[PDB]
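Colleague: Got a structure here, written out as structure tokens. Questions coming.
Derivation of every value follows stated rules applied to the coordinates shown; laboratory data play no part. Because the Cβ atoms are built from the backbone with ideal geometry, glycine has one as well, and the counts that use them run over all protein chains shown.
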DNA sequence: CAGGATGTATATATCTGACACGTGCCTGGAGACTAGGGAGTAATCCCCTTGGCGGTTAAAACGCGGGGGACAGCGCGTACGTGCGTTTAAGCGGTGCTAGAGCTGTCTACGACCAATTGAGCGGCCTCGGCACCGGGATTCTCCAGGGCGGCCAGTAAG
DNA sequence: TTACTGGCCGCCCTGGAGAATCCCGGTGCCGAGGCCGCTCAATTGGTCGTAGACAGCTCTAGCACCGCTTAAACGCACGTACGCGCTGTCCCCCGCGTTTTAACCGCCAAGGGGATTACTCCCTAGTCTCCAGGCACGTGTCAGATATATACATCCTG
């Protein structure tokens, strides 16, 4: 059969995403994630369907920045695959710990 | 033969790491610093006069910026599993912060 | 200055004092303003090897070695400082360089 | 709603990091990212609720989340 | 006129910091590199510092000014002036 | 030629919580500049709160919402529990 | 709602290009943020100098702190034109 | 005497008046000088007269006449002199500038 | 009538009056309620009554009576939540909190 | 060890001195 | 190198839901006129930076060995990505319901404002104890030369 | 024939020999702080004007649910690229004397500019009155979304 070598589809998956702006996190599983967090801060909240978006477009970006920083940390450590060591370092160095 | 009793490479620095973190004085030498600040400001506006404290206030911040840099470039140098920090880390630890 | 033949090869040294052993009382430049030389009686605690003491004797300070570590020499060990006397040290030093390497061949034979 | 953080899938994270620029993502990330995202929302919401709880409202509206995000330094644009 | 002062930050003064930072072995290139960073950090603080000084029309850069230029960039300072 | 400060106050509190300890100048001018920092964040926060909700004035509640945002963690639940205990005592004593 | 104002600019700089109803939102949310940063910095700048009133000179100095580099040059070059033109009439 | 708007008198397009009223009510200072808002109106113009410029070119080079929020995210992240002004801010629906580190590429 | 200082009635140590003016002068809002200062002095007086008791208990451990910035820098960085409040602040003459990465230690 | 705070007590004790 | 297979990019055509323009409207802004309070303008003075002088010693520069980490190479084995097949639930489009957002009107409690009053917190003086400093022992820390200890063959005891 | 203990090489922890650092006992030094005028800002007693607290009401927008298509998730298989652990090599930085140097200290000064007042002035806040530009809503062509169907583009795989 025909198969792409490992990695060749990865790059094709990047240029197919870094060129697009559509939301990546699935919406209805996010809505139920925000509600779960709001409970232990206050009960019976009601979110405007806009204010669930404004959270998603924020928490998507936060992560994409974090992943760029971890990719830098891994290219630094001389391996290609990001790992939790890289996540924790890219957060510690930011001081956002 | 003939041994001067030299400490092991590595245990003078740790020693003097334990000596500086405990201490609190200023490290960058005062006067050769002042002649730097006067030289930088001489560029932006000629013929300035610096109040005494205003030079001290800088050095107090300029130190605690670098120390914040090294304590964060070290984490990058530990990361590649090596000990010796290197300019390919201060180039990192400044881009992670986004300050660039 | 002076140079002290220590076993195989000598090293760089400095004349700490100048002493006439027949006088049995040494003259040294004290430590610090310039400290003028003083003629002092030979220390009883101070021990002299004969080679230094037959002819004019002198305690030395080695360069690179600490004063507390610094010790005595004979006079046959001492040839007046000369670039030719520095060369022979280097030839021995080069001869001492592969000396560690020549021994390592047995370690090379030990490992293999 | 016992476990919804398990709802942010493995392909969800994989899709995000693919936008980020990575190539190979090690297995332990897919769990560890959830730990980061969670502790991000617990800070953004806990602020958004407080603005709401102050105005006596019972709805966390977008004009709140934009404010809560602003103090975080992560200013947001497009909503108010 | 002043020239060539950045090399006044003595090479040990770079390690003496780095010790307090917590690094053990320092490569050869760091020294020449760090000056490059510290010089960037001053041209930021000093400038913002000068601008206030120009603003109130006062010639001398007041110690209180530097505390402000820092406060704007994000590195607040405590104890100097207030 | 007067530059008013909190040097009297911080020192008074210090005797309440350490009847022996005394504070040195260069350490005071920190506290004298820490308060002037917090009091510029809290107030500066309950200045945007009132503005956002379009209320013109700044009242105590607007400070609770200002505290519970800045002071992180256990301080938030102790400050506001220390604030109300004051303001309640004040009004009842007026 | 700075949107009518933004459109007037865009239709000037680009007589053909249009703007989506979300960009206006970006700009209406953007101009307000820059205005707040500048006018906020301007207020703090007058307070440090014991001055009571925000004036023409306060905003100019407030700009050179925020806008980086080349923008500081042309903005204050633009601002001075407006005041001189306004003060002309 | 017919009323002439301050914005039109100054030749600008942004509302001098609306900026002026905003400066008063925001409680920035007790008094606002006459020349303060006109100066701030111009500074606001030039910041929109440049972001809308760079984004305007993005439309052409991308062949979509209407500017969509991505065309903003390409106008600012390309230009360094602007990026530092917009360092912390996120733009919704903006995506990211496309790049991949050299080590990744085969 | 006899004058009772407003800082007394609140029981606070910080001055409520001096704050009540600062809120007006700083132009934080067009009007300031009478509840704000009393509430704002307490929070301040609480925090300043926190860093100190911590700093004090750091002083006694270094066998010095007086508080000096080195004690303050130790009182703030050790605590996890005060440090988070003053995350960006840099204390003059402060020194650093002693920390050596475990990888560097000899063996 | 010569310079130590030893971190006696961290969790808040709300003004027992009052 | 040669060549199929693949994916994205590219063209043509078909709808739409959506942004650009029209039109009415009313609310904020422009005209006009002060008023006093903030801001500029002039001596002045003094205290406080910049500047020079010389001793002096703490420290920076410099030199050399070698000890250990930087880095390159390599073997590898497993935790990855890739693809298929199945199976979830996400998204879309409605139906129906109602908390509750937003807005009105009423008017009372609250805060701005002011004159007179007074004591809190200010600057200035002065002092003596907390503490920096130095000295020399006592004590700890580190480095290293000499030193008991399993892993092997050799000759062991022998089925 | 098989079988396997002993001997010699294998090779540590441990004392010492220094250096570094702590202890403590004086020994001045200066600023923490206590005290003293006093003044000017906080306090008190009163009025006035309205911001918002409060109550009621009109509709939006959100929640709940649900049935259908189908795209995304999930699990399994597999094959191989890479993280990593090991070895080896060598260069380069730490350690520690020497040798040079310029920071520092203390000391004097000079004049420069930041900090008061006096004065005087002129500019913006406040207010009243009139109207047209910005806003909201309506609509109506229309550039972009969408479906479908070429034209190369890279990717392997020999």
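Colleague: Just I:49, I:34, I:58 to compare: in a GNM of chain I, with alpha carbon springs under 10 Å, which one fluctuates most?
Modeller: I:34
Colleague: Still on this structure, I have one more. Percent relative contact order of chain B, based on C-alpha pairs within less than 8 angstrom and at least six residues apart?
Modeller: So the answer I get is 18 percent.
Colleague: Let me ask another. Counting only other chains, and only Cβ atoms inside 10 Å, what mean value do you get across the residues of E:25-36?
Modeller: Other-chain Cβ atoms within 10 Å of each residue's Cβ, averaged: 5.
Colleague: Relative contact order (percent) for chain F, with alpha-carbon contacts under 8 angstrom and 6 or more residues of separation?
Modeller: Relative contact order, chain F: 17 percent.
Colleague: Sort the following peptides by mean Cβ neighbour count (other Cβ atoms within 10 Å, averaged over residues), highest first: F:6-17, D:68-79.
Modeller: Top to bottom by mean Cβ count within 10 Å: D:68-79, F:6-17.
Colleague: Give the peptides A:20-29, E:25-34 in descending order of average Cβ contacts within 10 Å, highest first.
Modeller: Per-residue Cβ counts within 10 Å, averaged per peptide and sorted highest first, yield E:25-34, A:20-29.
Colleague: Also: Say each of residue D:58 and residue C:84 gets a label point 7 Å from the Cα, pointing the same way as Cα to Cβ; how far apart are those two points in nm?
Modeller: So the label points at residue D:58 and residue C:84 sit 11.0 nm apart.
Colleague: Between residue B:6 and residue A:44, what FRET efficiency comes out of the Förster formula 1/(1 + (r/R0)^6) with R0 = 60 Å and r the beta carbon distance, rounded to 0.05?
Modeller: Approximately 0.25, to the nearest 0.05.
Colleague: Rounded to a whole number of µm²/s, how large is the Stokes-Einstein D of chain A at 25 °C and 0.890 mPa s, given Rh as the Kirkwood radius over C-alpha pairs?
Modeller: It diffuses with D of about 151 µm²/s by this estimate.
Colleague: Can I ask one more? What are the extents of the Cα atoms of chain D along their three principal axes, listed from largest to smallest and rounded to whole Å?
Modeller: 46, 31, 16
Colleague: What's the average, rounded to a whole number, of partner chain beta-carbon atoms within 10 Å of each residue's beta-carbon in H:77-89?
Modeller: Neighbouring Cβ atoms belonging to other protein chains average 5 per residue here.
Colleague: Take every residue in peptide C:64-74, count the Cβ atoms of other chains within 10 Å of its Cβ, and give the average of those counts.
Modeller: Average neighbour count from other chains, rounded to a whole number: 1.
Colleague: What angle do you read, to the nearest 10 degrees and between 0 and 90, between the alpha-carbon axis of helix F:74-93 and the longest principal axis of chain F?
Modeller: Tilt relative to chain F: about 80 degrees.
Colleague: Need one number: the % of Cα-Cα pairs in chain G sitting beyond the 21 Å mark.
Modeller: Tail fraction, whole percent: 47.
Colleague: Follow-up question, since we're still on this one. Any chance you could give the angle, 0 to 90 degrees and rounded to 10, that helix H:69-78 forms with the longest Cα principal axis of chain H?
Modeller: So the helix axis and the longest Cα principal axis differ by about 80 degrees.
Colleague: Show me, bin by bin at 20 Å from 0, the whole-percent P(r) of the protein assembly as shown based on Cα pairs.
Modeller: In whole percents, the pair-distance histogram is 12, 37, 32, 12, 7, 1, 0.
Colleague: Taking Cα atoms, how many degrees apart are the long axis of helix E:11-21 and the longest axis of chain E, rounded to 10 and kept between 0 and 90?
Modeller: So the helix axis and the longest Cα principal axis differ by about 90 degrees.
Colleague: Please compute the contact order of chain E in relative form: average sequence separation of alpha-carbon pairs under 8 Å and at least six residues apart, divided by the residue count, as a percent.
Modeller: Relative contact order for chain E comes out at 20 percent.
Colleague: Please check which bits of the stretch A:19-46 a label hung off residue D:1 would reach, taking the label as a point 7 Å along Cα-to-C-beta and the cut-off as backbone N under 15 Å.
Modeller: Those under the cut-off are A:28-46.
Colleague: Name the most mobile residue of B:34, B:59, B:51, meaning the one with the largest mean-square fluctuation, in a Gaussian network model of chain B with Cα contacts below 10 Å.
Modeller: Greatest mean-square fluctuation among the candidates belongs to B:51.
Colleague: Can I ask one more? Taking the alpha-carbon set of chain C, what are its Rg and Dmax in Å?
Modeller: 18.0, 62
Colleague: With N residues in chain H, what two-decimal value do you get for its Cα radius of gyration over 2.2 N^0.38 Å?
Modeller: Rg over 2.2 N^0.38 Å, computed on Cα atoms: 1.47.
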